[PDB]
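Single-letter residue listing:
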Amino acid sequence: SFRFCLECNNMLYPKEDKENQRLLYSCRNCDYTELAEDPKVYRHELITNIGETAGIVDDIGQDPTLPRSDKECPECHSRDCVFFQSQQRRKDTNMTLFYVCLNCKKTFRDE
Amino acid sequence: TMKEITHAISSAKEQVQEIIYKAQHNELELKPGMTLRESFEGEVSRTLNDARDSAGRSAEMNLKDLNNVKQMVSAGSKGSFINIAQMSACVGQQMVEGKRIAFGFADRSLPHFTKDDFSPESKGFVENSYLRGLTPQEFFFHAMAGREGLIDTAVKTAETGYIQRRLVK
Amino acid sequence: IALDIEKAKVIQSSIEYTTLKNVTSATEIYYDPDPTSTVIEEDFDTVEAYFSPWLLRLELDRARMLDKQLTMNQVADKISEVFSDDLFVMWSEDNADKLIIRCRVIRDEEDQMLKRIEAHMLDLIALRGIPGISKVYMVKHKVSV
Amino acid sequence: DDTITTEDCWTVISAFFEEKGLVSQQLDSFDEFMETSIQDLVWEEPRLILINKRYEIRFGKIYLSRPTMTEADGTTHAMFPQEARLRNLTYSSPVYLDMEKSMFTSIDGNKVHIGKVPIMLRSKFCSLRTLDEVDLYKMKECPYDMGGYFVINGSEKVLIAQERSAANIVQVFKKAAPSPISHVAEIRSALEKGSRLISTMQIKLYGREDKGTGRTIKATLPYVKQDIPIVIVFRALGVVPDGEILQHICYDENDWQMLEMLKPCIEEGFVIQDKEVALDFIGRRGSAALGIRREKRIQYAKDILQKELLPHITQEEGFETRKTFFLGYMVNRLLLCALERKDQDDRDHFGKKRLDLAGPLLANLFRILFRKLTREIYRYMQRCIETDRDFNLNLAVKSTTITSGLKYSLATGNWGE
Amino acid sequence: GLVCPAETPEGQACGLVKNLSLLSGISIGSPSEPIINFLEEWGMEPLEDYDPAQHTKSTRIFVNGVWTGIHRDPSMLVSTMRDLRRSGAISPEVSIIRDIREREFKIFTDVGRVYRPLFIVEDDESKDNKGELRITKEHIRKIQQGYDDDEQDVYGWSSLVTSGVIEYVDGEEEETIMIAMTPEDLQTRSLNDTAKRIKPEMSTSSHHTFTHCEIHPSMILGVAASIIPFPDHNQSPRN
Ligand SMILES: [Zn+2]
Ligand SMILES: [Zn+2]
């Protein structure tokens, strides 16, 4: 997530400033700059497990194709819940199950 | 013998359920150079094949000397162990492209099953014999396997003919 | 060798091709205003004991690090020798919770060339093993003598 | 009372087969064709052009008569399929069009025969619909016959259904290893009126893993080569700032991976800043021109963005918001498939396929034949004008081209001229 | 249920030539203007006033493959459109799909879609007949009689379709429904017979919520495959 400009609405870029040796977000379309307090700029992970939660919506409770179980909910201890697997299409995706309750409609794993 | 075959099939289904439970909790041992899903599929396929072989062996051992199919098999004129096994005990697991029946629909093989179902009956296992008949899902899976076999034979014949002609020339 | 499983395992590990990409789990670009220290407290002790404001940070996988039977000294020496003295390297021992090996461009806007160097490190760097060997399996052969 | 038994299911199936039959799809498709498609095709282009002596023509109602047989003696009589089969005739009915002259000194019921359309047996315009059992036996027709076939030269012809991929849908696929393109997004555009394919558009994601230098995303439109990167066409449709571009593409700001993947597109497209320069770049790369100056470039770009760019959505100016929204949705789907979150679309999924029956094929054939007839009549009227003579409006129309085209296409099976 | 699984030619045409099933049908095509009018009347918002900052949970609505707008209550809209289609106001050959995972609402009125009919199982929780077929013995009696108990009309297949007991589903919609193979499967059966075949356990789910039921599985075969006696006791190449 990179910050955007204010008058031309363009994303900014890191740049080094020498008299105060500061990292700043700058725009080339115009002359708008701002201070950058985060050295964290580039992220590239070879193996990730982000996205296993999937796009769960409050309307997932009435899907008839999803299997139904009777697992113990953490907070409301409901006996009605559904379960599925990770949405990620990675080759090495694990088979850990994801459970969603019905009274509170929130997720919980086996951990 | 039918009771023994049913007991063996039920025990195999329980073992497959145990394998599924182990795999879903990150307990299945990882085969060297293979993915977890591939290892789980191989384990399930091996268990189902062993179950089919055991049921066929029991059915063959039950056969009397006066049985005509056993006489044909012993003579070697026609028939084999697999024919008796499929006619009397169990058709077995249906395989397409070397794997079980894929999820053609959204995470399910047929719309009559729930999503993410890995039980044998949901992925092309025909636990009934030809004498007992086939359920509609088993019938469809058997038809898929037969169509795959026919296509494979048809594409193989032309390549074999061209290779033979090239060798002769 | 064929009668000893340990020596066969050692030679199998030596034969297998392992590169930097095969063990690197994540890469980051950081801005370090002071060469003497660092903003993060995880590597603050490391930079204090072991001692262009841009830095390259690599995070590895412990299970895959021990799978190849590799130490930090080996990979640090490899990355040092592969680039000669054109890229300063600061490597941490196993005491660090995060498997961090930092790289700094030698002084003599530098985002594009630094990203190119990082891509070079990710792709072309090879630690040990015969190239072209994706996987090695141990097979038990029964012979008659 | 009691639960539904198997006998009740068989009763339901018997009712189904009694109401519809076995060849219901053929008859329904042909009836829909003969009821709507002919009128739609003749009203699609009802303006033939050539005080300012504004010669205008009008195409009116389409009239169908029962299948009649006309002989060398000139006598016309009602014809039945048995007679056509015995005498090697064609079971067809004439079509009459109200071609009306509207000269009217410029700004300040003819029932013209246009051809013979073959009639499918047991269809609503066949003579064997209301006929009872006794008269069916009288006409040497088997009551067990189901129909659904044409009779051409005394031969029974059946139209096999044609299976094709569905149009106006977005499908994302992968690519082989020796190719710069990693993932591809394809759409086949066809308007609802007539269901005819116009053109196809293809979005490609250049750049293999650890290769390809910049991982740009490039669109490929009709009437153009040298595929244009997607950010420039975004700017060309009229969305200049990049923040709106990312809002159109990515609907969740938490997806930093999508933004990181899209960053090369912004880096490559930073060379283009305004809508006009993007339009000029498209015109220069748009072909169909060679040094034809900037105004023609921008006019061609306007034409290629208003028309032929997803024509199934709209074909008029001032409505590019939904066009760019659909394009952003397509890019989002492509990136979701590339991010290994959604599996690639299956080409064998039977729900993404359509079956062309006699209806659509006959509609396309009639459209082609009507276009040919209009071209021929235009040539005839321009020849009559340049020869300074008055036409009777009846010798200009050639029913022979339509009749022969339909007969030959149905008899041989080659679906074309 | 759409093409015959057994009937196919041999050679270069193997698998490329198919035969329609007995209950299979082909869509004719209906105008999409009433669909758009109903959607607009039921609170559909256009794309002109779409604000992605606030519409982060709104579901997109696709009609004939184009994005026409967004909605905030997909469940109510889906239920209303399904009820309107089941009442005969909308043409029965209209495909209505709700992708909950992708948050999409697809409506198809195209030509060439292959569909098959299926029984309708009561879905609403308030109804006492939940989990049972909507069609009762009264419908069977009316079908056998040939008229409705009120000559004036005919009680046939169309009367059953417009009464909300049988509906058409295509391949795309089939991914969003749960189908029971036999009506006896709609009730959870509470022996050890060595002659009859063994049904699947289906024990992977604690509870089952079927939305449709097959009229008869043997209807999945084609015309030529319907002649074979006991095709389930044979090998598929023989069929
Ligand atoms: Zn700016
Ligand atoms: Zn709960």
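Let us look at the structure shown here.

Concerning the pattern of salt bridges
Moving on, step 1. Applying the stated criterion to the full structure yields 55 salt bridges over all chains.
Moving on, step 2. For the salt bridge of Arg90(A) with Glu340(D), the shortest nitrogen-to-oxygen distance reads 2.7 Å. With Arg90(A) in the loop between β6 (81–84) and β7 (98–101) and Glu340(D) in the loop between α10 (320–338) and β14 (353–356), this residue pair bridges two chains.
Moving on, step 3. Put simply, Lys142(E) and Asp148(E) hold a salt bridge, and the shortest N to O gap is 3.3 Å.
Moving on, step 4. Each of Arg82(E), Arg85(E), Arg86(E), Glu167(E) and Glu173(E) takes part in salt bridges that share partners, so that together they form one network.

Looking at a nonpolar patch on the surface
Moving on, step 1. On the surface, a cluster of nonpolar side chains totalling about 500 Å² of accessible area is made up of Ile1(C), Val10(C), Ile11(C), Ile15(C), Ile130(C) and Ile133(C).
Moving on, step 2. Classification of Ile130(C) as partly exposed rests on a relative accessible area of 46%.

So, the coordination of the zinc ion (ligand 2)
Residues and elements named next belong to chain A.
Moving on, step 1. At 2.3 Å from the zinc ion (ligand 2) lie its protein donor atoms, namely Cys73 (SG), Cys76 (SG), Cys101 (SG) and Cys104 (SG).
Moving on, step 2. Around the zinc ion (ligand 2) sit 4 donor atoms; with metal-centred angles ranging over 105 to 112°, the donor geometry is tetrahedral.
Moving on, step 3. Motif for the zinc ion (ligand 2), donor spacing along one chain: C-x2-C-x24-C-x2-C. One end of the pair, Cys76, is in the loop between β5 (68–69) and β6; the other, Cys101, is in strand β7, with 25 residues separating them in the sequence.
Moving on, step 4. Overall, the relative accessible area of 28% leaves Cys76 in the partly exposed class.
Moving on, step 5. Judged by its relative accessible area of 2%, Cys101 falls in the buried class.

Quick look at the interface of chain D and chain A
Moving on, step 1. Of the residues lining the interface, 20 residues belong to chain D; the matching set on chain A comes to 18 residues.
Moving on, step 2. For the chain D and chain A pair, buried surface summed over both sides reaches about 1,600 Å², with 50% attributable to carbon and sulfur atoms.
Moving on, step 3. The tally of links between chain D and chain A comes to 1 salt bridge.
Moving on, step 4. Between chain D and chain A we count 7 residue pairs in polar contact in total.
Moving on, step 5. Elements with a contribution of two residues or more to the side of chain D that touches chain A: α6 (242–249) and α7 (256–269) of chain D.
Moving on, step 6. In terms of residue count, α7(D) provides more of the side of chain D that touches chain A than any other element does, 7 residues in total.
Moving on, step 7. Among the residues forming the side of chain D that touches chain A, the class breakdown is 7 nonpolar, 3 polar and 10 charged.

Notes on the interface of chain D and chain E
Moving on, step 1. Across the contact, 46 residues belong to chain D and 57 residues belong to chain E.
Moving on, step 2. Summing the contributions of chain D and of chain E, the shared interface buries around 4,300 Å²; its carbon and sulfur component is 65%.
Moving on, step 3. There are 5 salt bridges connecting chain D and chain E.
Moving on, step 4. Notably, a salt bridge pairs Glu102(E) with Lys342(D), separated by 3.2 Å at the nearest N-O pair.
Moving on, step 5. Taken together, the connections running from chain D to chain E amount to 11 residue pairs in polar contact.

Regarding the coordination of the zinc ion (ligand 1)
All names here are of chain A.
Moving on, step 1. Bound to the zinc ion (ligand 1) are the protein donor atoms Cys5 (SG), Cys8 (SG), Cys27 (SG) and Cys30 (SG), situated 2.3 Å from the metal.
Moving on, step 2. Going along the chain, you hit the donors of the zinc ion (ligand 1) in the pattern C-x2-C-x18-C-x2-C. Pair noted here: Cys8 is in the segment before β1 (13–17) and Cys27 is in the loop between β2 (22–26) and β3 (33–35), with a separation of 19 residues, a long-range link.

Overview of the sheet that holds β1(A)
Residue and element names in this part refer to chain A.
Moving on, step 1. Overall, antiparallel pairing links the 3 strands, which are arranged β1-β2-β3 in an open sheet. Whereas interior strands pair on both sides, the edge strands pair on one side only; in this sheet they are β1 and β3. Taking the axes of each pair of neighbouring strands and ignoring which way they run, one obtains an average angle of 40° across the sheet.

Brief notes about the side chain of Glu141(D)
Moving on, step 1. Tracing the backbone shows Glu141(D) in the loop between α4 (133–138) and β6 (150–152).
Moving on, step 2. Contact partners of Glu141(D), with chain neighbours within four places excluded, come to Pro81(D), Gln82(D), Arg85(D), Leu128(D) and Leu136(D).

What to know about the pairing of strand β11 (residues 197–206) of chain D
Moving residue by residue along a regular strand, the side chains alternate between the two faces of the sheet.
Residue and element names in this part refer to chain D.
Moving on, step 1. In this sheet, β11 lies alongside strand β10 (residues 181–190) in antiparallel orientation, the contact comprising 9 bridges. Paired with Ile187 across the bridge in β11 is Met201.
Moving on, step 2. If you look at the hairpin formed by β10 and β11, you'll find 6 residues sitting between the two strands, and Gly194 has a positive phi there, around 100°.
Moving on, step 3. As judged from the 4 bridges shared by β11 and strand β12 (residues 217–220), these two strands associate in the antiparallel manner. Pairing of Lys204 across the sheet is with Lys218, part of β12.

What counts and what doesn't
- Residues numbered from 1 in each chain as written, not as in the entry; some residues may be left out.
- Chains lettered and ligands numbered in written order.
- Part of a larger assembly, values for the part shown.
- Heavy atoms only, no water.
- Salt bridge = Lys/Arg side-chain N within 4 Å of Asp/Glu carboxyl O.
- Helix = DSSP H or I, 4+ residues; strand = E, 2+ residues; numbered from the N terminus.
- Patch = residues over 30% accessible without salt bridge, like charges linked within 9 Å, V, L, I, M, F, W, Y side chains within 5 Å.
- Areas by Shrake-Rupley, 256 points an atom, 1.4 Å probe, with all protein chains shown as cover.
- Buried < 20%, exposed > 50% of the residue type's maximum accessible area, 1.4 Å probe, protein only.
- Donors = N, O, S within 2.8 Å, 3.2 Å for Na, K, Ca; no water.
- Tetrahedral: all angles 85-135°; square planar, octahedral: opposite > 155°, others 65-115°.
- Contact = heavy atoms within 4.5 Å.
- Buried area = accessible area lost by both parts, 1.4 Å probe.
- Polar contact = N/O pair within 3.5 Å; in protein donor to acceptor, adjacent residues only side chain to side chain.
- Nonpolar A, V, L, I, M, F, W, Y, C, P; charged D, E, K, R; others polar.
- Pairing = 2+ DSSP bridges.
- Axes fitted to C-alpha atoms, helices over the stretch in contact; angles between N-to-C directions.

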